[PDB]
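Participant: Experimental structure and sequence below, a few questions after.
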Amino acid sequence: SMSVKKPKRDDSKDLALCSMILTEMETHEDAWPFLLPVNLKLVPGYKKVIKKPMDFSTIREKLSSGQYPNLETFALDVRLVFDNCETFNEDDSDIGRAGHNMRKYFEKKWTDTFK
């Protein structure tokens, strides 16, 4: 509350560390469905169904230009990528499996880097 604060967690490395995580996600062999925005002209249904499209290249640009206020807003966009994928893709498809794999990979790196 006013003039009453918990001890200051050091957040000075968060930007660098989210960039490293994002590099590791970008270079994973199963990243290919997620590297670029879904082409809304060429993929029927996507525009109407997926209210907030997100992809690794869009996260990279937001990261690089100070559009994440804190590390939690960064994780919310990474998770959005996988939540969108599960909304649109069957679990038993190459893309569906890719999304599960990547979400697992992300959540481990997130825990090991920050928790």
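Facilitator: Done, it's in. Residues are numbered from 1 along each chain as shown.
Participant: Can you tell me the centre-most residue of the chain?
Facilitator: Centroid-nearest residue in the chain, with C-alpha atoms, centre = their mean: residue 78, separated by 1.2 Å.
Participant: Tell me how far that one lies from residue 31.
Facilitator: According to C-beta to C-beta, to the nearest Å, residue 78 and residue 31 sit 12 Å apart. Every residue, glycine included, has its C-beta placed from N, CA and C.
Participant: Which residues are in contact with each of those two?
Facilitator: residue 25 (C-beta atoms under 8 Å, 6 or more residues apart in numbering).
Participant: Tell me the spatial nearest neighbour of the residue nearest to the centre of the chain, not counting adjacent residues.
Facilitator: Nearest non-adjacent residue to residue 78, counting by C-beta to C-beta, 6 or more residues apart in numbering: residue 106, 5.6 Å away.
Participant: buried sites along whichever helix or strand the one you found is part of?
Facilitator: Per DSSP states H and E, residue 106 falls inside helix 94-114. Neighbour counts using 16 or more other C-beta atoms under 10 Å place 96, 97, 98, 99, 102, 103, 105, 106, 109, 110 of helix 94-114 among the buried residues.
Participant: So what's the residue count around the closest residue in space to the fifth one that isn't next to it in sequence?
Facilitator: When you say that, I think you mean residue 102. Spatial nearest neighbour of residue 102, excluding adjacent residues (C-beta to C-beta, 6+ apart): residue 30 at 5.8 Å. Residues near residue 30, counting by other C-beta atoms under 10 Å, number 16.
Participant: do the same with residue 10
Facilitator: When counting by other C-beta under 10 Å, one arrives at 6 neighbours for residue 10.
Participant: so is it in a helix, a strand, or just coil?
Facilitator: coil (DSSP: H, G, I helix; E, B strand; the rest coil).
Participant: Please list all residues in contact with it.
Facilitator: Going by C-beta under 8 Å, 6+ apart, residue 10 touches no other residue.
Participant: Number the residues from 2 up from this point.
Facilitator: In the new numbering, first residue 2, that becomes residue 11.
Participant: Would you check how far apart it and residue 98 are?
Facilitator: Look at residue 11 and residue 98: by C-beta to C-beta, they are 37 Å apart.
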